[PDB]
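Worksheet: one structure, shown below.
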Amino acid sequence: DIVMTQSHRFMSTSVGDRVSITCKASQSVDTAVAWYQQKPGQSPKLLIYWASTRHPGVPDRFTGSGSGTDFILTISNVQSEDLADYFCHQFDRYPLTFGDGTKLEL
Amino acid sequence: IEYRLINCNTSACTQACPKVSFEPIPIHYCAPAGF
Amino acid sequence: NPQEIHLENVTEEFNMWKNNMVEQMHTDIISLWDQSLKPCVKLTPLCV
Amino acid sequence: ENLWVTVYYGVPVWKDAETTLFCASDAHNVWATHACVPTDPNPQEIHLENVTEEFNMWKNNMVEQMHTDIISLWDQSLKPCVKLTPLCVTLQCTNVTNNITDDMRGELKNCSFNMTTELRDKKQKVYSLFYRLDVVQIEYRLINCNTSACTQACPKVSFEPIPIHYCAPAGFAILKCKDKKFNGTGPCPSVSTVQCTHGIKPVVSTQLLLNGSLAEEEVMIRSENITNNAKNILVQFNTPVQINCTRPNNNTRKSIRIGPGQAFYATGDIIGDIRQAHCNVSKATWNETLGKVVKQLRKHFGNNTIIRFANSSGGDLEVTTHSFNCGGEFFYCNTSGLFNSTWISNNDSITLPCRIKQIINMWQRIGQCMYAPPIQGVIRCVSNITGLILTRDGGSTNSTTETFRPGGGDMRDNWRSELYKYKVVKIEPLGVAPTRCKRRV
Amino acid sequence: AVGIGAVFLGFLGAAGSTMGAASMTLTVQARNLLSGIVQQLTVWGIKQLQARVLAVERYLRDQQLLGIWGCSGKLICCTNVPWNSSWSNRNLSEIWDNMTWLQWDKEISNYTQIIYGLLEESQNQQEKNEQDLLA
Amino acid sequence: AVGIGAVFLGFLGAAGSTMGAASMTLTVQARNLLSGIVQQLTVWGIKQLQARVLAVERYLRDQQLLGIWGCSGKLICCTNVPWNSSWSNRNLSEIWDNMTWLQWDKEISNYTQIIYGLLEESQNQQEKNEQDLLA
Amino acid sequence: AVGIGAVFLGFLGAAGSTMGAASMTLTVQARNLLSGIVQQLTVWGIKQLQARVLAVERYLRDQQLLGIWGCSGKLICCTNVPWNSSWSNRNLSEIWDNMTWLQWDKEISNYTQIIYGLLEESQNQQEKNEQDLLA
Amino acid sequence: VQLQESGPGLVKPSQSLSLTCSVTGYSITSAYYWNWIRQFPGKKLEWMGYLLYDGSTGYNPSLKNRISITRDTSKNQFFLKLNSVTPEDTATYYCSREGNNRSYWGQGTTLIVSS
Amino acid sequence: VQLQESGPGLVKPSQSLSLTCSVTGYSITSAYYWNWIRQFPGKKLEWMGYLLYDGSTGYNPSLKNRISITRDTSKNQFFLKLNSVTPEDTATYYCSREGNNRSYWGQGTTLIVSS
Amino acid sequence: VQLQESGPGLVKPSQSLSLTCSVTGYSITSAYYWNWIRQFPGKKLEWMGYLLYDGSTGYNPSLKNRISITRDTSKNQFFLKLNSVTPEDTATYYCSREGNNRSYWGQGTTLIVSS
Ligand SMILES: *[C@@H]1O[C@H](CO)[C@@H](O[C@@H]2O[C@H](CO)[C@@H](O[C@@H]3O[C@H](CO[C@H]4O[C@H](CO)[C@@H](O)[C@H](O)[C@@H]4O)[C@@H](O)[C@H](O[C@H]4O[C@H](CO)[C@@H](O)[C@H](O)[C@@H]4O)[C@@H]3O)[C@H](O)[C@H]2NC(C)=O)[C@H](O)[C@H]1NC(C)=O
Ligand SMILES: *[C@@H]1O[C@H](CO)[C@@H](O[C@@H]2O[C@H](CO)[C@@H](O[C@@H]3O[C@H](CO[C@H]4O[C@H](CO)[C@@H](O)[C@H](O)[C@@H]4O)[C@@H](O)[C@H](O)[C@@H]3O)[C@H](O)[C@H]2NC(C)=O)[C@H](O)[C@H]1NC(C)=O
Ligand SMILES: *[C@@H]1O[C@H](CO)[C@@H](O[C@@H]2O[C@H](CO)[C@@H](O[C@@H]3O[C@H](CO)[C@@H](O)[C@H](O)[C@@H]3O)[C@H](O)[C@H]2NC(C)=O)[C@H](O)[C@H]1NC(C)=O
Ligand SMILES: *[C@@H]1O[C@H](CO)[C@@H](O[C@@H]2O[C@H](CO)[C@@H](O[C@@H]3O[C@H](CO)[C@@H](O)[C@H](O)[C@@H]3O)[C@H](O)[C@H]2NC(C)=O)[C@H](O)[C@H]1NC(C)=O
Ligand SMILES: *[C@@H]1O[C@H](CO)[C@@H](O[C@@H]2O[C@H](CO)[C@@H](O)[C@H](O)[C@H]2NC(C)=O)[C@H](O)[C@H]1NC(C)=O
Ligand SMILES: *[C@@H]1O[C@H](CO)[C@@H](O[C@@H]2O[C@H](CO)[C@@H](O)[C@H](O)[C@H]2NC(C)=O)[C@H](O)[C@H]1NC(C)=O
Ligand SMILES: *[C@@H]1O[C@H](CO)[C@@H](O[C@@H]2O[C@H](CO)[C@@H](O)[C@H](O)[C@H]2NC(C)=O)[C@H](O)[C@H]1NC(C)=O
Ligand SMILES: *[C@@H]1O[C@H](CO)[C@@H](O[C@@H]2O[C@H](CO)[C@@H](O)[C@H](O)[C@H]2NC(C)=O)[C@H](O)[C@H]1NC(C)=O
Ligand SMILES: *[C@@H]1O[C@H](CO)[C@@H](O[C@@H]2O[C@H](CO)[C@@H](O)[C@H](O)[C@H]2NC(C)=O)[C@H](O)[C@H]1NC(C)=O
Ligand SMILES: *[C@@H]1O[C@H](CO)[C@@H](O)[C@H](O)[C@H]1NC(C)=O
Ligand SMILES: *[C@@H]1O[C@H](CO)[C@@H](O)[C@H](O)[C@H]1NC(C)=O
Ligand SMILES: *[C@@H]1O[C@H](CO)[C@@H](O)[C@H](O)[C@H]1NC(C)=O
Ligand SMILES: *[C@@H]1O[C@H](CO)[C@@H](O)[C@H](O)[C@H]1NC(C)=O
Ligand SMILES: *[C@@H]1O[C@H](CO)[C@@H](O)[C@H](O)[C@H]1NC(C)=O
Ligand SMILES: *[C@@H]1O[C@H](CO)[C@@H](O)[C@H](O)[C@H]1NC(C)=O
Ligand SMILES: *[C@@H]1O[C@H](CO)[C@@H](O)[C@H](O)[C@H]1NC(C)=O
Ligand SMILES: *[C@@H]1O[C@H](CO)[C@@H](O)[C@H](O)[C@H]1NC(C)=O
Ligand SMILES: *[C@@H]1O[C@H](CO)[C@@H](O)[C@H](O)[C@H]1NC(C)=O
Ligand SMILES: *[C@@H]1O[C@H](CO)[C@@H](O)[C@H](O)[C@H]1NC(C)=O
Ligand SMILES: *[C@@H]1O[C@H](CO)[C@@H](O)[C@H](O)[C@H]1NC(C)=O
Ligand SMILES: *[C@@H]1O[C@H](CO)[C@@H](O)[C@H](O)[C@H]1NC(C)=O
Ligand SMILES: *[C@@H]1O[C@H](CO)[C@@H](O)[C@H](O)[C@H]1NC(C)=O
Ligand SMILES: *[C@@H]1O[C@H](CO)[C@@H](O)[C@H](O)[C@H]1NC(C)=O
Ligand SMILES: *[C@@H]1O[C@H](CO)[C@@H](O)[C@H](O)[C@H]1NC(C)=O
Ligand SMILES: *[C@@H]1O[C@H](CO)[C@@H](O)[C@H](O)[C@H]1NC(C)=O
């Protein structure tokens with residue numbers, strides 16, 4: 001039972017600011033951490049795999065980093081199409097466990 | 001119409017090769033290897 | 001010598017009207033009926 | 001201490017060998033004939049990193065496989081039709097004056113002949129309308145009467161191109177390239193494997209490629225050694241250029257039988273007005289697409305050169321003009337309005353006149369036919385232009401101010417833009433490796 | 001390591017992996033040498049039969065040749081044929097864990113015949129040696 | 001053991017037999033997988049050729065997985081893979097003599113793919129373990 | 001014994017030699033049992049396919065019959081079953097050095113069905129004894 | 001690959017919930033992981049269980065023995081059964097396929113557990 | 001299988017007794033054991049001998065060399081010959097099918113040995 | 001079998017001599033010995049080296065390391081390369097086939113080593 005505590009649930013932001021999201025793991029296990037993006041009325045979509053690498057089609061403005069118990073996702077130059085929910089997840093050992101979730105507001 | 005064959009408005013017939021016959025010699029069906 | 005091997009102590013569910021034995025042989029001798037009509041000569045000028 | 005030889009069975013080893021392929025299709029037609037095995041719709045696309053394979057189109061035998069295969073699929077779908085031998089009786093053709101403009105003068109002929117009823121002793125008087133390209137003088141006779149008879153191609157079937165999947169049996173694999181800036185030949189750093197490919201449309205054309213596949217990023221020019229002027233420059237678009245082709249004539253179908261159980265659907269009288277079949281393309285979109293081509297064309301040549309566009313170099317109508325088969329009726333289109341432009345460094349429709357020819361010699365084989373029956377009702381056709389075939393003209397002085405002309409004709413190049421990324425390899429599972437061994441005696 | 005991190009290795013997935021890492025990938029390759037047309041007129045009738053027999057007798061060609069060497073029923077076997085210094089002047093550390101199988105066959109493609117002939121001669125050498133000690 | 005008790009098993013004669021009695025009968029059910037067409041135009045140029053090559057491909061499919069598991073050429077192969085008790089909660093005395101093999105295959109029809117894939121995963125490990133101890 | 005005097009016997013060359021001279025050439029004879037048509041219309045459309053599958057089925061029948069006896073993968077395999085001397089009352093000195101395999105077949109062609117059937121009953125008995133002892 | 005969920009949209013409490021995932025474009029007997037995932041009101045996700053390519057099973061312990069997951073390989077379908085349902089189990093149910101850095105989700109279906 | 005005995009119903013003493021058993025519905029050359037059994041007055045049964053599909057013969061030793069048993073495989077028939085008959089050999093002669101825990105008998109025929 | 005030698009008829013001193021033997025009528029991957037033999041002015045023969053069907057190489061020691069012999073099995077051709085040539089190596093070069101008391105020779109070609 002790795003417990004993932006996220007910083008905040010609702011955060012207000014403006015277009016053009018750098019924003020950084022953080023996730024804290026109960027144990028220091030691995031660097032194999034993934035972020036998923038979920039827009040309203042849509043299923044979640046995988047964004048980052050192995051914490052530092054990008055997926056095909058994902059824009060360059062998305063970066064991620066961290067290790068141990070601390071993992072930081074950074075969005076830079078926020079546009080309108082990035083309104084969504086983001087979740088820090090881990091895929092090391094069963095049972096799979098989800099974060100609570102963070103909602104972006106513009 | 002004076003008269004004509006009934007299948008003249010459809011494809012023409014063949015006379016069934018009267019050298020051979022229509023008497024059914026019995027056949028036997030077999031399964032292949034593994035069946 | 002049609003070797004028939006009796007199997008006792010066994011049961012099986014037979015299902016007629018759905019086997020491919022009936023369906024194939026209906027298709028099989030239709031192909032055997034059209035094949036023997038090709039060497040026969042046509043009767044095209046009989047429609048006078 | 002000294003090393004020893006081993007045997008490994010089931011090792012990935014590739015050698016470039018080519019064999020016959022196998023058809024597959026999704027869920028009666030001329031292309032499939034309900035005979036291909038319905039493939040499972042899972043092209044399992046395993047990515048292979050750290051590998052660079054040297055792809056080479058214009059030498060791939062899969063292009064020559066599909067050209068030969070659909071010829072065998074064409075004559076197979078023409079056997080249960082009816083032979084059109086008695087259509088070489090004499091004709092008495094007169095021009096049509098029923099609501100016709102000056103542009104269609106001398107194009108439709110009202111003929112009459114003495115074709116036979118299903119009873120041999122009885123004849124009939126049958127009138128039909130043939131195009132000017134279908135009849136020749138002797139009053140008139142059909143063009144094919146000094147060639148073999150025709151087939152009429154069984155109009156219950158259609159000519160819509162059903163996608164066809166080609167994929168080899170066990171022991172062979174298909175590798176595909178995935179480079180965004182992929183040229184024709186050379187190595188590919190994105191080689192992956194697929195057991196059985198995607199849908200390939202067998203649609204045929206001469207000048208402009210229709211209903212093809214789009215490029216990834218920009219308009220890509222795929223050609224071998226460029227100083228040949230007798231070889232076709234293959235250009236694939238990055239955007240779809242919509243083309244609007246219609247036939248505005250309300251055609252009817254007169255079913256008059258030639259013999260016992262043998263029908264022949266002639267053309268009835270035309271109701272309404274007589275008008276020209278034409279193809280419409282957007283002038284603003286086509287000028288934008290030609291702008292993207294000449295930037296990529298000048299990458300392979302000088303920057304200060306003058307690239308000039310022109311029409312075809314003439315010849316017979318089979319190879320000079322455009323061809324497509326939407327709606328079931330053949331269209332031969334004059335494409336001199338889409339290539340009248342010159343280019344130097346630094347309104348909603350283009351009306352292309354189009355002729356309609358019924359009797360067709362389809363491929364380069366001359367001893368066959370294509371008697372397309374008339375289609376009842378008007379024809380609506382919407383398609384995308386996705387490719388061009390360009391032949392560079394010779395006579396260039398000092399390697400400057402060259403011109404580009406269309407062409408094609410050979411059907412090899414129509415599918416070279418759809419099988420450019422594919423190759424087939426032969427797998428040997430045997431191999432050897434050094435490590436330390438002594439057999440347990 | 002599990003979930004999205006699980007590796008199923010696909011088919012032909014060890015083409016770019018090293019020779020040492022591909023020593024556990026031998027199973028998935030051999031299972032695709034026979035199947036594929038398991039679910040079903042001149043066109044496309046003889047084209048399957050020509051391809052089906054060709055896919056079988058090439059597998060039997062590579063399986064009979066395994067049985068001549070004494071490697072029947074095994075995937076990774078190794079004989080007593082001494083491969084010598086002229087064929088490849090590299091140690092085992094310079095072959096296994098730094099390069100892959102695909103271009104390894106190109107240097108040995110000239111020496112494939114000399115390797116294959118010595119293995120079938122060496123197996124028949126130790127068959128008669130088994131006869132002497134058994135009697 | 002004679003008269004009415006003699007052995008005239010033939011082909012498939014131990015179909016309804018107990019598993020202990022049918023364990024002696026695996027020899028006679030192997031030879032009738034390729035023969036029958038030992039002695040000899042659109043019809044039957046395909047109807048005979050398609051079924052003859054199918055019997056070859058089904059036979060080589062059964063032999064090849066018997067080779068991947070590492071014990072090809074053996075009629076009774078018993079390997080070193082532990083089995084999960086969730087597939088069948090019956091002991092040795094409740095399997096081999098009280099029930100017919102036909103209904104047993106339906107009980108393990110769902111769990112066939114688990115046990116068919118675990119065999120070769122412990123065979124490549126077996127061949128890797130054989131390589132370490134040999135050198 | 002070099003140059004023009006070297007041994008290049010090839011296929012079917014040892015068919016006139018003695019028993020011990022022909023026993024060393026079993027590799028080259030079985031090499032030509034599958035290949036030969038490795039390089040490639042109604043006529044020879046069915047004849048070509050019937051040519052190969054007839055040849056494949058005979059090779060598989062020989063290997064499967066060898067695999068029943070437990071000699072699969074071996075070229076010179078020998079079992080431990082006794083044979084009655086009434087078939088041939090000749091010692092090893094008068095048979096294994098002075099006669100050809102061609103004239104040997106006609107003297108035992110009466111008893112090939114008997115001597116083959118004594119091999120699957122022999123081979124299955126060690127597997128029965130292996131199951132009792134090792135359990 | 002395309003995934004399509006189907007089944008009854010209303011289930012009475014204490015009764016059994018059955019859903020079908022119809023899969024097209026890929027064979028469930030070859031590779032990867034085939035999952036059921038649900039989304040509660042308030043946009044929270046809870047993983048229920050998975051399947052191996054060979055038909056092996058595994059479940060989230062929080063669901064105890066309430067879940068059996070099953071499949072039909074002839075129809076290329078797999079199935080969810082959920083015993084002893086409660087109105088706090090009302091949620092939108094997805095069937096998803098995950099692996100090899102490729103994650104695909106169905107469109108989902110809505111279910112309400114009420115009397 | 002059906003078995004039917006045939007032959008002369010009266011045989012003079014010291015002469016030879018011949019009977020035919022005609023078999024239909026199954027081939028005697030890929031097969032079970034085919035026996036002759038007779039029933040004496042007073043309902044006692046004595047087994048004389050058998051045949052095998054491979055042509056091997058077996059007889060009760062008590063009958064010495066008095067009996068040869070033979071077959072015709074083209075007609076699917078087998079035959080009894082009994083030399084040197086006595087009136088104590090008078091009996092109802094059956095040809096029998098036995099094996100695989102199955103036992104089938106013909107209807108039998110009557111024979112009297114008298115002058 | 002037919003053998004045909006080909007290559008340049010004039011080679012500059014100290015440069016390399018290359019010749020091709022094109023073989024037809026027999027496969028170079030099956031058996032016997034494949035040799036190069038040359039004849040000097042004055043009718044003297046000297047054996048330079050051979051090949052085997054399995055790719056093994058052997059050379060006359062008198063030629064030291066001056067000779068590499070190589071082949072292309074796709075084209076069924078084998079090749080001679082001779083380094084560091086001298087005018088005393090001028091000769092008519094044959095490719096010949098030997099074994100099983102068979103001996104077939106090509107027609108030969110003439111080469112002159114001069115500047
Ligand atoms: C067709 O049949 C003929 C005759 O039957 C075979 O010819 C020879 O047959 C003999 C009889 O078995 C073989 O036996 C050899 O006898 C040698 C001594 O006998 C004389 O041999 C020759 C005359 O043949 C004389 O020159 C010699 O001086 C002797 O007086 C033994 O020495 C042989 O044993 C071993 O000898 C050397 C030792 O290294 C080996 O090279 C041999 O292979 C062998 O191991 C042997 O016992 C004799 O082998 C046959 N000759 C040949 C050339 O094989 C034909 O061979 C046969 N045709 C075929 C195709 O087999
Ligand atoms: C390139 O691809 C295009 C997209 O498929 C092709 O356009 C299609 O061409 C076919 C001709 O083969 C047209 O089919 C005709 O449709 C009309 C009327 O269509 C109505 O009926 C169909 C069938 O029920 C239905 O699907 C439609 O929605 C309409 O309700 C029929 O009267 C004809 O008999 C014929 O079936 C397609 O309509 C047409 N698609 C569109 C969107 O217009 C194009 O032909 C391809 N290019 C080439 C060169 O082949
Ligand atoms: C000619 O080119 C046009 C491009 O405008 C093709 O239009 C294509 O139309 C289909 C169906 O409407 C589109 O598919 C759908 O796209 C939406 C986009 O969000 C997607 O959400 C759906 O799930 C569905 O996939 C397709 O995208 C569109 N093509 C492009 C490039 O946008 C038209 O089909 C072409 N004609 C031929 C014959 O190829
Ligand atoms: C169908 O079921 C019946 C059972 O009701 C089977 O009868 C069984 O026949 C076998 C014949 O081999 C008997 O085995 C024998 O057992 C004795 C010991 O009693 C042993 O000494 C012999 O060597 C032999 O193994 C078996 O006992 C008998 N079953 C019972 C309960 O007595 C019948 O054969 C079955 N039909 C088949 C298999 O086709
Ligand atoms: C193709 O383009 C031509 C050219 O615009 C169109 O012809 C027009 O047709 C309308 C009838 O609705 C007339 O009112 C216009 O005067 C015509 N234009 C000209 C320049 O004369 C034609 O309709 C187009 N066809 C299609 C199918 O879009
Ligand atoms: C081609 O013809 C169509 C008429 O069918 C023109 O109108 C388009 O029609 C489609 C569907 O009917 C609409 O989705 C488009 O928005 C229409 N276009 C416009 C501009 O309104 C179409 O414009 C013609 N295209 C060309 C290049 O001539
Ligand atoms: C390409 O376009 C040119 C026009 O520049 C065509 O040349 C004309 O051809 C006609 C033939 O009917 C002559 O009457 C004209 O005199 C020609 N024009 C000039 C300026 O000489 C040419 O025929 C076209 N080619 C094709 C294949 O369509
Ligand atoms: C294709 O169309 C063009 C124009 O639509 C034709 O070019 C015309 O040819 C005639 C022939 O003498 C000239 O009088 C005209 O001046 C030309 N038009 C222009 C704009 O210059 C061309 O001939 C047509 N192609 C064919 C093969 O007929
Ligand atoms: C493709 O090549 C890269 C080389 O960079 C491989 O990356 C290595 O992977 C191994 C384990 O998989 C690590 O231990 C190394 O540290 C990696 N980096 C190196 C050698 O620089 C990669 O694994 C290869 N791909 C495959 C599928 O094997
Ligand atoms: C042919 O004529 C017969 C005679 O009445 C009629 O019954 C039949 O329907 C006709 N068939 C066709 C195809 O016209
Ligand atoms: C019919 O059209 C042709 C076309 O050239 C023309 O030569 C002929 O004079 C026309 N006849 C009439 C009567 O209009
Ligand atoms: C058809 O034949 C008749 C009789 O010979 C003739 O009068 C008529 O002109 C012919 N029709 C045509 C179109 O020539
Ligand atoms: C048929 O006649 C026309 C009329 O001139 C000619 O152009 C054509 O070449 C001829 N066809 C053949 C095959 O000779
Ligand atoms: C890609 O194009 C051709 C292949 O036709 C090749 O010769 C060339 O070197 C490649 N690169 C560029 C930049 O053209
Ligand atoms: C064709 O390619 C060759 C390369 O072999 C090149 O030298 C030549 O210039 C190219 N063009 C022509 C016209 O030969
Ligand atoms: C064409 O016009 C005729 C006139 O009678 C009409 O019947 C037919 O429906 C029209 N076709 C179309 C496609 O409008
Ligand atoms: C063709 O001529 C016939 C002669 O009767 C006439 O009925 C028909 O209307 C004409 N058709 C045309 C299109 O001129
Ligand atoms: C088409 O593009 C060219 C590019 O130089 C331009 O000169 C011309 O005016 C454009 N025509 C139209 C109609 O936009
Ligand atoms: C043409 O211009 C481009 C800039 O767009 C430049 O990269 C290229 O080198 C130029 N070509 C030549 C031959 O100078
Ligand atoms: C190209 O179009 C212009 C438009 O005015 C026209 O004047 C010119 O003659 C055309 N050229 C050709 C070759 O058709
Ligand atoms: C090649 O190997 C053989 C034995 O297989 C050995 O005798 C020979 O010396 C080796 N070659 C060299 C150059 O060492
Ligand atoms: C096996 O599967 C079938 C259908 O998939 C099912 O009806 C049966 O209950 C299953 N058996 C077990 C023991 O789970
Ligand atoms: C002797 O040979 C006979 C063949 O008729 C065979 O049945 C018997 O078992 C043999 N005896 C021994 C002891 O091998
Ligand atoms: C075996 O049978 C054949 C043919 O019936 C016969 O020629 C041969 O002599 C027999 N064998 C013996 C040893 O008698
Ligand atoms: C292998 O053979 C080819 C052609 O015979 C040759 O070019 C290449 O150099 C050879 N490789 C080695 C390592 O000798």
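A note on labels: chains of the structure tokens are A, B, ... as shown, every chain counts residues from 1, and ligands are counted from 1 in their shown order.
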
Superposition RMSD [C-alpha atoms, order-paired], chain F onto chain G: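 That comparison of chain G with chain F gives 1.1 Å.
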
Output as an MDAnalysis selection string the set of chain C residues within 12 Å of chain D, with distances taken over only C-alpha atoms. chainID C and resid 42:48

Selection above as a file: N, CA and C atoms, as an mmCIF file, in the first residue's frame:
data_model
loop_
_atom_site.group_PDB
_atom_site.id
_atom_site.type_symbol
_atom_site.label_atom_id
_atom_site.label_comp_id
_atom_site.auth_asym_id
_atom_site.auth_seq_id
_atom_site.Cartn_x
_atom_site.Cartn_y
_atom_site.Cartn_z
ATOM 1 N N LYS C 42 -23.265 -27.832 -77.032
ATOM 2 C CA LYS C 42 -24.372 -26.926 -76.771
ATOM 3 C C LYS C 42 -25.476 -27.095 -77.811
ATOM 4 N N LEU C 43 -26.676 -26.661 -77.439
ATOM 5 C CA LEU C 43 -27.842 -26.674 -78.311
ATOM 6 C C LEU C 43 -28.333 -25.258 -78.582
ATOM 7 N N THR C 44 -27.398 -24.356 -78.879
ATOM 8 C CA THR C 44 -27.767 -22.993 -79.260
ATOM 9 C C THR C 44 -28.669 -22.862 -80.497
ATOM 10 N N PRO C 45 -28.496 -23.582 -81.613
ATOM 11 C CA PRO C 45 -29.412 -23.369 -82.742
ATOM 12 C C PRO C 45 -30.749 -24.083 -82.624
ATOM 13 N N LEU C 46 -31.092 -24.628 -81.456
ATOM 14 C CA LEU C 46 -32.376 -25.290 -81.267
ATOM 15 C C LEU C 46 -33.508 -24.314 -80.975
ATOM 16 N N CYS C 47 -33.208 -23.023 -80.815
ATOM 17 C CA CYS C 47 -34.216 -22.010 -80.522
ATOM 18 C C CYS C 47 -34.794 -21.368 -81.776
ATOM 19 N N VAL C 48 -34.817 -22.087 -82.895
ATOM 20 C CA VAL C 48 -35.442 -21.589 -84.114
ATOM 21 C C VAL C 48 -36.954 -21.702 -83.970
#

Can you list every residue of chain H that has an atom at most 10 Å from chain D, with its nearest atom pair and the distance in Å to one decimal, using only C-alpha atoms, ordered by chain then number, as a Markdown table?
| residue | atom | partner | partner_atom | distance |
| --- | --- | --- | --- | --- |
| H:1 | CA | D:42 | CA | 7.6 |
| H:24 | CA | D:41 | CA | 7.6 |
| H:25 | CA | D:41 | CA | 4.8 |
| H:26 | CA | D:42 | CA | 4.7 |
| H:27 | CA | D:42 | CA | 6.9 |
| H:30 | CA | D:44 | CA | 9.8 |
| H:31 | CA | D:44 | CA | 9.8 |
| H:100 | CA | D:46 | CA | 9.5 |

Compute the set of protein, DNA and RNA residues whose minimum atom distance to ligand 21 is at most 10 Å, using only C-alpha atoms and all ligand atoms, and state it as a ChimeraX atom specification. /E:81-87,114-115,118 /J:56

Which polymer residues have any atom within 7 Å of an atom of residue 66 of chain J, counting only C-alpha atoms, with same-chain residues fewer than 6 positions away left out, as a ChimeraX atom specification? /J:82-84

Keeping only C-alpha atoms, write the selected residues as a CSV table (one decimal), in the first residue's frame.
chain,number,residue,atom,x,y,z
J,82,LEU,CA,47.9,-12.0,-57.2
J,83,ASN,CA,49.8,-9.3,-55.3
J,84,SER,CA,53.3,-7.9,-56.2

Would you mind listing the residues within 9 Å of ligand 2, counting only C-alpha atoms and all ligand atoms, as a list in words?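 Within the 9 Å cut-off, the matching residues are residues 158, 159, 160, 161, 203, 204, 205, 210, 211, 212, 323, 324, 325, 326, 327, 328, 375, 376, 377, 378, 379, 380, 381, 382, 383 and 384 of chain D.
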
Among chain H, which residues carry a DSSP assignment of strand (DSSP E), reported as a VMD selection string? chain H and resid 2 to 6 10 to 11 17 to 24 33 to 40 44 to 51 57 to 59 67 to 72 77 to 82 91 to 99 102 to 105 109 to 113

Set the cut-off to 7 Å and count only C-alpha atoms: what are the residues of chain D that reach chain E? Output as a tab-separated table (two decimals) with C-alpha atoms, in the first residue's frame.
chain	number	residue	atom	x	y	z
D	4	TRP	CA	33.65	-23.73	-28.62
D	5	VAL	CA	30.90	-23.55	-31.24
D	6	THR	CA	27.20	-23.71	-30.33
D	7	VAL	CA	23.89	-24.09	-32.15
D	8	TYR	CA	21.00	-21.67	-31.58
D	9	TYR	CA	17.60	-22.42	-33.13
D	10	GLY	CA	15.15	-19.54	-33.39
D	11	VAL	CA	17.47	-16.57	-33.88
D	12	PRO	CA	16.41	-13.30	-35.61
D	13	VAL	CA	18.35	-13.28	-38.90
D	14	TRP	CA	17.14	-11.33	-41.94
D	37	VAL	CA	-9.39	-15.36	-46.05
D	46	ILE	CA	5.92	-4.46	-32.67
D	48	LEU	CA	12.05	-2.70	-33.18
D	49	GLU	CA	14.66	-0.27	-31.87
D	50	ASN	CA	18.45	-0.24	-32.47
D	51	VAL	CA	17.96	-1.58	-36.03
D	169	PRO	CA	2.77	-16.98	-44.70
D	170	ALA	CA	4.99	-18.29	-41.91
D	171	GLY	CA	8.74	-17.99	-42.36
D	434	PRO	CA	30.90	-18.92	-29.34
D	435	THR	CA	31.04	-19.96	-25.68
D	437	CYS	CA	31.21	-26.26	-24.01
D	438	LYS	CA	32.05	-29.93	-23.73
D	439	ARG	CA	29.37	-32.50	-24.54

Excluding same-chain residues fewer than 6 positions from residue 89 of chain I, what lies within 10 Å of it counting only C-alpha atoms, as a list in words?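 Contacts, in chain order: residues 13, 38, 39, 40, 41, 82, 111, 112 and 113 of chain I.
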